[PDB]
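Comments concern the structure below.
Nothing in this text is a laboratory measurement; each read-out follows from the coordinates by a stated rule. Counting neighbours? That spans all protein chains shown, and the Cβs are built from the backbone with ideal geometry, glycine included.
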Amino acid sequence: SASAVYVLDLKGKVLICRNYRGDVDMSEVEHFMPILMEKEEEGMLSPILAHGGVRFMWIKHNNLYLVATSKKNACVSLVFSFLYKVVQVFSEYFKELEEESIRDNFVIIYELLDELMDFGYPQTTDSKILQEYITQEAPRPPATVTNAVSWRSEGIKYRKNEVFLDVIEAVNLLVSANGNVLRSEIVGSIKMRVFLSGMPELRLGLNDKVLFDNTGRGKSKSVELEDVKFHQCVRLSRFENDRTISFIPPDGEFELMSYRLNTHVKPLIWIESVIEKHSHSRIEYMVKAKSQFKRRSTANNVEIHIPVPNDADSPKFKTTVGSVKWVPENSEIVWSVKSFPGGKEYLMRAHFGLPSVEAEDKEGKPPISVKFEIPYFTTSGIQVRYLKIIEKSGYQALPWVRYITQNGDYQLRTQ
Amino acid sequence: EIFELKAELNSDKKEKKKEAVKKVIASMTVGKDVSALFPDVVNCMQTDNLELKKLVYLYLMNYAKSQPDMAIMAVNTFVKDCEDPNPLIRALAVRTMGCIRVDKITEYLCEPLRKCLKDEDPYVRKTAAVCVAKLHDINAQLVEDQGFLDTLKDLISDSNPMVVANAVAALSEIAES
Amino acid sequence: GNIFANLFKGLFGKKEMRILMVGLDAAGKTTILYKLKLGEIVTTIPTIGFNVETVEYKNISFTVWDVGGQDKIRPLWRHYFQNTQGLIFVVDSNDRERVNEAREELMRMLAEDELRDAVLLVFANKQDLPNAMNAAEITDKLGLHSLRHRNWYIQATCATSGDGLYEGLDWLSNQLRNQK
Amino acid sequence: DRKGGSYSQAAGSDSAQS
Ligand SMILES: Nc1nc2c(ncn2[C@@H]2O[C@H](COP(=O)(O)OP(=O)(O)OP(=O)(O)O)[C@@H](O)[C@H]2O)c(=O)[nH]1
Ligand SMILES: [Mg+2]
């Protein structure tokens, strides 16, 4: 229940503001910057600010803080969801999120803000629906918003019915300094870019453990996602009733389902680091990377980031496979490898000097993270069974899907 | 500057009026007190272009509290726009009527609110519910006298499920206060 | 410079002209404007603000800005006085009590230096009952014959019937346009 | 070709489930 949502700037200037209830004065935005500065300097800065009896909830955007001032005890989660929807709509309409587009599309930006929410209650949240009624280059509102199906616009015609799916896998491993993995969770991502004619109702079917157990086929390799979230077009009733993933696919790229469950398998890449750091004399980087993934899968664009000393200079890299580049801005050395086949063993030996004068304050030990991304690999083993594409007119669809395995929160605690 | 903008707004050229409106909107967003030109834009308010109508409505909403006396020359325009065949125009008029913080403005908008309460368009119904909720928040006594509680309650048991949800949220907000 | 484009535009008609819609409330000003623009007797709510419309006749688009006779809208007629070339006063011959108020409003409107190039335009509204006066009694009561330096003409127009609107439009066009 | 795994055809439903 934010009183007014406004877009700020890096210098405190409000790029654009739009009051929705009028219960909060527009002059409260000026005091938001001093409050944020005081909070940052004291460690008490939070996204939800508080200016007396009015709370100024702000979200750190790409270039401006989306401050949504509120007065009463409005839904904080609702305000955050509205801000996220507004950010997504702006990203869809404008490819750049900065001051260049804030002051360049004000005529359409004001109309979009007015149409999105009224009296603090959001009304329009579909990017396609908003673009079909408000454009920067007006007819009556589309019937899709009024109709029940607000995620599948009717009347869409295409020459070919091709849908491109993406089995995105995020391998996150939380390995402590002792060598044991604490947080090892893999989050699935079933995103399909449906581009067909009409409003087909997708019938999602995969090798789900629950579905296999219900059907009596709980003996093969089935993916048991701890948390499964359906898309907006996905009908929750069918999933709760018999796990039937039946919903109208959206026009374009959208996230249908996103699995999320813990992983009990060995890490895809095993990286062991050795720190032979002398006392203000030199530093040793005994970094050894072992590929725990299958040899048939290659980790393309593998970049194992090893944090080097903050004051370290004149470093020498003695590795075997993969180029090592030291970035002064990042204050770390990334063991970048173009192609990392499974089972490969890469050994590196870093050596650099240190300044004679000791550092005044400590810099910490940031965890070492790798950027391995091996496509065409299904670590979870979940295989899609079928995709029920049904249309009233009747057409032969040719859906496609690709499985991509990447490294997410794969951070290894430093020694 | 100000004189040139006023002269452009007091002209019969649609391109010049649109340029003046865009300049006024840019000045207002940049931090320029354009409330002094609100009476000049009052005459150039009833325009066929929807882009200019939205800018005029936004200027009136942002310049309603600053110049409540000058806002009395927009009740007729709001009444005329409340019966526009285009659902977008009707929704914009309903939103602007509830967004104007005028004590004497909402009194004359009760009839348009009652007319738009039974709007067949789900977007029109949602806009009418939002306007009723805004009027109740601004004046609970006025909302009670207009008898919008019965209309809001019956909106829940109708079609336009998004409009039903908007009406339910409006009723909860009215009951919350 | 060359005026070939102006001559070409004037050969087929380029003049538009202007007009004003003022008078007391319930004097047929809104009805007169609707008849000029549309041509039918449509019932409308009182003009709280103002009505803007244009009528094309004789190749001239004489736009008329209707102004209500309400107390809160009577002082708002000064906003339309800027960039205005014509002024039409709506008389209420059937409202004897409001006749004095209408005459006072007309005198106040005509007593402004800004509204000097607009000739008087008095329409005998409510010309449907026997109580309505003629074209000379109304002018004599309003004192239009003593308004020097103003082209004021008394015309009787009935909103329900529509007769006399053409005569008033022709008189306004003659007062504004003085060409062949 | 495309990085991250080549696109593969998908079926319509579980043919072995009737
Ligand atoms: N029925 C009828 N009404 C007439 C006639 N002549 C004048 N009128 C008046 O014309 C009025 C029409 O009202 P409006 O359309 O609002 O125009 P108006 O007279 O200027 O009134 P306002 O717009 O409120 O200032 C009626 O109220 C009548 O009082 C007539 O011949 N028949
Ligand atoms: Mg009128």
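The table below lists the values:
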item	result
Qualifying position, being at the interface with another protein chain (Cβ under 10 Å from one of its Cβ atoms), touching a helix residue (DSSP H, G or I) at 6+ places or on another chain (Cβ under 7 Å) and more than 9 Å from ligand 2 (Cβ to nearest atom), among C:60, C:48	C:48
Test: residue in segment A:149-164 that is assigned to a loop (DSSP other than H, G, I, E, B), of a type outside the set (A, V, I, L, M), within 14 Å of chain B (Cβ to nearest Cβ) and surrounded by 15 or more Cβ atoms within 10 Å (Cβ to Cβ)	yes
Those residues of segment C:111-135 which are more than 16 Å from ligand 2 (Cβ to nearest atom), within 14 Å of residue C:28 (Cα to Cα) and under 13 Å from the mean Cα position of the chain (by Cα), in sequence order	C:122, C:124
Any chance residue B:134 is part of a helix (DSSP H, G or I) and under 19 Å from residue A:118 (Cα atoms)	yes
Pick from segment B:150-167, criterion within 21 Å of residue B:138 (Cα to Cα) and surrounded by fewer than 16 Cβ atoms within 10 Å (Cβ to Cβ), ranking: farthest from the other protein chains (Cβ to nearest Cβ)	B:150
Qualifying residue in segment B:119-129 (condition: touching an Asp or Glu at 6+ places or on another chain (Cβ under 6 Å) and either away from chain C (no Cβ under 14 Å) or within 22 Å of residue B:151 (Cβ to Cβ) (or both))	yes
Members of segment B:29-40 that are more than 10 Å from every other protein chain (Cβ to nearest Cβ) and either over 21 Å from residue A:113 (Cβ atoms) or of a type outside the set (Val, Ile, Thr) (or both)	B:32, B:33, B:35, B:36, B:37, B:38
Scope segment C:8-59; condition within 16 Å of ligand 1 (Cβ to nearest atom), surrounded by fewer than 23 Cβ atoms within 10 Å (Cβ to Cβ) and charged (D, E, K, R); matching residues	C:25, C:35, C:37, C:40, C:53
Filtered residue count, segment D:3-18, keeping only those that are at the interface with chain A (Cβ under 7 Å from one of its Cβ atoms) and either surrounded by fewer than 12 Cβ atoms within 10 Å (Cβ to Cβ) or among the polar types (S, T, N, Q) (or both)	5
Near pairs, Cβ below 9 angstrom, 6+ apart or cross-chain, from segment A:120-135 (within 23 Å of residue A:70 (Cβ to Cβ)) to any residue that is assigned to a loop (DSSP other than H, G, I, E, B) and among the aliphatic types (A, V, I, L, M)	A:120/A:74; A:124/A:134
Scope segment C:77-104; condition surrounded by 20 or more Cβ atoms within 10 Å (Cβ to Cβ) and within 15 Å of ligand 2 (Cβ to nearest atom); matching residues	C:77, C:88, C:89, C:90, C:91, C:92, C:102
Residue under evaluation residue A:393, criteria (1) closer than 24 Å to residue A:165 by Cβ; (2) within 14 Å of chain D (Cβ to nearest Cβ), criterion not met	(2)
Residue match in segment C:108-122 (condition: within 16 Å of ligand 1 (Cβ to nearest atom), within 11 Å of chain B (Cβ to nearest Cβ) and in contact with a strand residue (DSSP E or B) (Cβ under 9 Å, 6 or more places away or on another chain))	no
Test: residue A:46 is within 22 Å of the chain's Cα centre (by Cα), surrounded by fewer than 15 Cβ atoms within 10 Å (Cβ to Cβ) and part of a helix (DSSP H, G or I)	no
Selection within segment A:81-113 - surrounded by fewer than 16 Cβ atoms within 10 Å (Cβ to Cβ) and either part of a helix (DSSP H, G or I) or within 14 Å of chain B (Cβ to nearest Cβ) (or both)	A:81, A:84, A:88, A:91, A:92, A:100, A:103, A:104
Yes/no for residue C:1 being surrounded by 12 or more Cβ atoms within 10 Å (Cβ to Cβ), away from chain B (no Cβ under 14 Å), over 23 Å from residue C:115 (Cβ atoms) and more than 13 Å from ligand 2 (Cβ to nearest atom)	no
Residue match in segment C:95-102 (condition: within 18 Å of the chain's Cα centre (by Cα) and within 14 Å of chain B (Cβ to nearest Cβ))	no
So residue A:169, is it closer than 28 Å to residue A:230 by Cβ, surrounded by fewer than 19 Cβ atoms within 10 Å (Cβ to Cβ) and more than 9 Å from chain B (Cβ to nearest Cβ)	no
Candidate set: segment A:300-322, residues that are polar (S, T, N, Q) and under 17 Å from residue A:269 (Cβ atoms); chosen: the one surrounded by the fewest Cβ atoms within 10 Å (Cβ to Cβ)	A:320
Segment B:130-149, residues that are within 14 Å of another protein chain (Cβ to nearest Cβ) and not hydrophobic (A, V, I, L, M, F, W, C)	B:134, B:136, B:137, B:139
Residue C:62 being buried (at least 21 other Cβ atoms within 10 Å of the Cβ) and farther than 22 Å from residue C:98 by Cβ	yes
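This table checks each residue for (1) in contact with a helix residue (DSSP H, G or I) (Cβ under 6 Å, 6 or more places away or on another chain); (2) closer than 25 Å to residue A:119 by Cα; (3) more than 11 Å from chain A (Cβ to nearest Cβ).
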position	(1), (2), (3)
B:3	no, no, yes
B:6	yes, no, yes
B:13	no, no, yes
B:16	yes, no, yes
B:19	no, no, yes
B:42	yes, yes, yes
B:54	yes, yes, no
B:63	yes, yes, yes
